[PDB]
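Here you get one chain, nothing else, as structure tokens; it is the form solved without this ligand.
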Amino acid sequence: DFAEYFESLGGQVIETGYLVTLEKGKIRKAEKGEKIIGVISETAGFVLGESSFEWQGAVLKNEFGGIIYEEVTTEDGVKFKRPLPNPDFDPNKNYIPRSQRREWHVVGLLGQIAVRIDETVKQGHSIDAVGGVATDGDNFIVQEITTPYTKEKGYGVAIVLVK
């Protein structure tokens, strides 16, 4: 599945397999009828946004998140691009990456993804969410139930094609 990093609303960990929505630019478990943006994933073969949309790195970024380049001219007349230094950045500091921060989550946005399900979820039907757990509904397609629901677990697991 194809994924990006998002921060949780309360900074706490949302476990693998929960369906999430956005609230105030941050993720929380989705509730019924809310826009489901994706699922917390451990299988993402492609993850993105590890250094995206943060203006506290080594080089200065523009308002769109792009690196700002200076056009440098040499004495001969050769012109080349050089990134602008960020005054804030400390070359001798060890910054903590998103993968080591509990509030930052890999969210699968597209592809076949494992999802927590209740007892109502059926192969070949869609889903909605209650407390981040799939219930029978109209979003996406359930591919197969790989771990049947158990009363004593409180959930089962299905592969869902998320788009």
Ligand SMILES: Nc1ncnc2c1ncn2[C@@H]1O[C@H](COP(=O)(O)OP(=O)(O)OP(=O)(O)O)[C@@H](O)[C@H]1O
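Position 1 is the first residue in the sequence shown; the rest follow in order. By rigid core we mean the largest C-alpha set that fits within 1.5 Å across both forms.
Omitted from view is the form deposited with this ligand bound, to which the following refers.
J.: Look up in the deposited bound form whether residue 120 has a non-hydrogen atom within 4.5 angstroms of this ligand, and give yes or no.
T.: Taking the distances in the deposited bound form, the answer for residue 120 is no, it never comes within 4.5 Å of this ligand.
J.: Quick check on residue 101: any heavy atom within 4.5 Å of this ligand in the deposited bound form?
T.: Heavy-atom contact with this ligand at 4.5 Å: present for residue 101.
J.: Taking heavy atoms and a 4.5 Å cut-off, does residue 55 contact this ligand in the deposited bound form?
T.: Looking in the deposited bound form, residue contacts with this ligand include residue 55, since a heavy atom lies within 4.5 Å.
J.: May I ask you to check whether residue 95 falls inside a 4.5 Å heavy atom distance of this ligand in the deposited bound form?
T.: Judged by the heavy-atom cut-off of 4.5 Å, residue 95 is in contact with this ligand in the deposited bound form.
J.: Does any residue in 68 to 89 get within 4.5 Å of this ligand in the deposited bound form, counting heavy atoms only, and if so which ones?
T.: Contacting residues: 88, 89.
J.: Out of 112, 51, 120, 126, I need the residue that shifts by 2 angstroms or more at the Cα between this form and the one not shown, core superposed.
T.: By this measure, the answer is 51.
J.: Using a rigid core superposition, assess whether residue 74 undergoes a CA shift of 2 Å or more between this form and the one not shown.
T.: The answer is no, as the C-alpha of residue 74 shifts between this form and the one not shown by less than 2 Å after core alignment.
J.: Looking in the deposited bound form, decide if the C-alpha atoms of residue 28 and residue 53 are closer or farther than in the form shown; they differ by 3 Å or more.
T.: Farther apart, by at least 3 Å.
J.: Look at the CA atoms of residue 36 and residue 52: state whether they lie closer or farther apart in the deposited bound form than in this form, given a difference of 3 Å or more.
T.: Relative to this form, farther apart in the deposited bound form.
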